[PDB]
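Per the entry's author numbering, the very first residue in the sequence shown carries number 44; after that it's consecutive. Beta carbons: idealized from backbone N, C-alpha and C, even for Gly. Down below is the structure, laid out as structure tokens.
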Amino acid sequence: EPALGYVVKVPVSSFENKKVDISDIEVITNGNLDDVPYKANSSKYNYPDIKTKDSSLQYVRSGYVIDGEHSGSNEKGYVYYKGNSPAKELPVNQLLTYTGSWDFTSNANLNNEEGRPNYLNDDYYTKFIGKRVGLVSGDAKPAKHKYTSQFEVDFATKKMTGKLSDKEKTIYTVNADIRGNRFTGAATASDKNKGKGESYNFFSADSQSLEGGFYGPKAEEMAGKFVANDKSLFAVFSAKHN
């Protein structure tokens with residue numbers, strides 16, 4: 044089918060259901076990169092936070108549509124990617140490095156026992172982090188968190204490796220098998236320890252559902268997503284060579 048992209052709603056928890064996992068990954072129909080998914084819902088938000096559009100990309104977009112000032116049981120927002128012009132030619136002789144970003148939303152786990160932090164002024168804009176609603180890459184303060192993605196694509200072997208990092212720290216390593224202009228593969232959490240409180244680690248679960256495509260006539264760009272095996276995270280990404 045080649046979906047133009049995907050998007051998920053950020054999980055919202057409650058006393059009745061303290062744990063709410065990732066679910067219902069909607070497929071996007073609409074390739075217009077100036078169109079953000081669920082833009083209409085964001086009118087009501089206290090602080091409409093829609094990840095800004097990177098001027099250097101021409102065929103793909105990944106980001107988030109969220110309330111930057113959420114509270115209580117409000118809807119929080121959505122995470123998505125899209126792309127168009129699935130690649131028809133793929134560079135042959137060359138080994139290409141794609142560089143870009145990634146974004147995510149965690150699951151919601153209101154359970155005090157899980158150990159997620161309520162209050163980290165330096166780190167996030169939101170309180171009760173990942174508890175009342177999933178944590179979104181958008182809630183992080185730029186001074187302490189920057190989510191950058193870098194992939195190595197060898198079209199000869201049809202292999203992809205790469206890293207999803209947070210500033211200087213590696214968070215996931217990725218491996219994919221290229222198959223035409225799509226790809227599939229796995230993301231491996233670099234830190235498997237879940238920890239607690241300030242050091243709590245939202246990124247501890249592997250994923251066998253890494254899946255993306257190449258975009259632009261000559262695969263000048265790439266974008267995809269993946270879902271934690273335990274349904275505790277949903278990540279998207281986008282990049283461009285060289």
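Quiz item: Among 46, 64, 99, which has the Cα closest to the Cα of residue 72?
Solution: Residue mapping note: residue 72 aligns to position 29 of the sequence shown, counting from 1. Answer by Cα proximity: 46.
Practice problem: Mind checking which residues open and close the beta strand (DSSP E) that includes residue 197? | Solution: Translated into positions along the sequence shown, residue 197 becomes position 154. Unbroken beta strand (DSSP E) run through residue 197: 190-197.
Quiz prompt | residue 144 CB to nearest heavy atom of the ligand GDP below 6 Å | solution = The ligand content of the structure shown is nil, which means the ligand GDP is not present either.
Quiz item: Does the beta-carbon of residue 245 have 16 or more other beta-carbons within 10 angstroms, so that it is buried, or is it exposed?
Solution: Here residue 245 refers to the residue found at position 202 when the sequence shown is read from its first residue. The residue is buried, with at least 16 neighbouring Cβ atoms inside 10 Å.
Self-check item: Three-state secondary structure (DSSP) of residue 82
Solution: Here the question's residue 82 lines up with position 39 in the sequence shown. Assigned with DSSP and collapsed to three states, residue 82 falls in helix.
Quiz item: Hey, how far is the Cα of residue 56 from the Cα of residue 176?
Solution: Residue 56 sits at position 13 when you count from the first residue of the sequence shown. Residue 176 sits at position 133 when you count from the first residue of the sequence shown. C-alpha of residue 56 to C-alpha of residue 176: approximately 6 Å in a straight line.
Quiz prompt | Segment contact, 8 Å Cβ cut-off, at least three pairs: the segment 173-187 with the segment 130-142 | solution = Between the segment 173-187 and the segment 130-142, the count of Cβ pairs shorter than 8 Å is below three; the stretches do not touch.
Self-check item: Beta-carbon separation (whole angstroms), residue 105 vs residue 262, contact threshold 8 Å
Solution: For the purposes of this step, residue 105 is taken as the residue at position 62 of the sequence shown. For the purposes of this step, residue 262 is taken as the residue at position 219 of the sequence shown. So it is not a contact: roughly 17 Å between Cβ atoms.
Self-check item: For residue 110: DSSP bridge partner residues
Solution: The residue you call residue 110 lines up with position 67 of the sequence shown. In the DSSP output, where bridge partners are listed per residue, residue 110 has 91.
Practice problem: Would you mind working out which of 188, 185, 207 sits nearest residue 195, comparing C-alpha positions? | Solution: As a working note, residue 195 is residue 152 in the sequence shown. Of the candidates 188, 185, 207, 207 places its Cα closest to the Cα of residue 195.
Quiz item: Should residue 5 and residue 230 be called a contact, given that it needs their Cβ atoms to be closer than 7 Å?
Solution: One cannot answer for residue 5 here, as it falls past the ends of the chain, which runs 44 to 285.
Self-check item: Reduced DSSP secondary structure (H/G/I, E/B, other) of residue 152
Solution: Position 109 of the sequence shown, counting from 1, holds the residue named residue 152. Of the three classes helix, strand and coil, the one that applies to residue 152 here is strand, per DSSP.
Quiz item: Residue range of the beta strand (DSSP E) that residue 77 falls in?
Solution: Start at 1 with the first residue of the sequence shown, and residue 77 comes out as number 34. Looking at the DSSP string, residue 77 is not in any beta strand (DSSP E), and its letter there is neither H nor E.
Quiz item: In terms of residue numbering, what span does the beta strand (DSSP E) encompassing residue 220 cover?
Solution: Against the sequence shown, residue 220 aligns to sequence position 177. Run containing residue 220: 212-222, per the beta strand (DSSP E) assignment.
Self-check item: Identified DSSP bridge partners for residue 254
Solution: In the sequence shown, counting from the first residue as 1, residue 254 sits at position 211. For residue 254, which the question treats as bridged, DSSP gives the partners 227, 268.
Self-check item: Cut-off 7 Å between Cβ atoms - residues of its own chain near residue 88, not counting five sequence neighbours on either side
Solution: Along the sequence shown, read from residue 1 onward, the residue named residue 88 stands at position 45. Within the same chain, residue 88 has close Cβ partners 110.
Practice problem: Tell whether a beta-carbon distance below 7 Å holds between residue 185 and residue 241. | Solution: As a first step, residue 185 is located in the sequence shown; it is residue number 142 there, counting from the start. As a first step, residue 241 is located in the sequence shown; it is residue number 198 there, counting from the start. Result no, Cβ atoms of residue 185 and residue 241 do not sit closer than 7 Å.
Exercise. Evaluate the contact criterion for the segment 112-121 versus the segment 247-261: three or more CB pairs, one atom per stretch, below 8 Å.
Key: The segment 112-121 is not in contact with the segment 247-261.
Quiz item: So residue 126 is in the beta strand (DSSP E); what residue range does that whole segment cover?
Solution: Along the sequence shown, one-based indexing puts residue 126 at 83. Here the beta strand (DSSP E) through residue 126 covers 120-126.
Quiz item: Going by DSSP, what residues sit across from residue 104 in a beta bridge?
Solution: To locate residue 104, count along the sequence shown from 1; it is residue 61. Within the DSSP secondary-structure output, residue 104 pairs in a beta bridge with 125.
Practice problem: Just the C-alpha distance for residue 120 and residue 254, rounded to the nearest angstrom, thanks. | Solution: Position 77 of the sequence shown, counted from the start, is the residue given in the question as residue 120. Position 211 of the sequence shown, counted from the start, is the residue given in the question as residue 254. Spanning the two alpha carbons is a distance of roughly 23 Å.
Quiz item: Thinking just about the alpha-carbon of each residue, which of 205, 225, 168 is nearest to the one in residue 217?
Solution: Within the sequence shown, residue 217 is the residue found at index 174, counting from 1. Ranking the options by Cα distance to residue 217, first place goes to 205.
Exercise. Taking 7 Å as the cut-off, decide whether the C-beta atoms of residue 62 and residue 155 are in contact.
Key: Position 19 of the sequence shown holds residue 62. Position 112 of the sequence shown holds residue 155. Cβ atoms of residue 62 and residue 155: not closer than 7 Å.
Quiz item: Where do the N-terminal and C-terminal ends of the beta strand (DSSP E) with residue 204 fall, by residue?
Solution: Here residue 204 corresponds to residue number 161 of the sequence shown, with the count starting at 1. Per DSSP, residue 204 belongs to the beta strand (DSSP E) from 202-209.
Self-check item: For residue 281, three-class secondary structure by DSSP
Solution: Taking the sequence shown and counting its residues from 1, the one referred to as residue 281 is at position 238. Correct three-state label for residue 281: strand.
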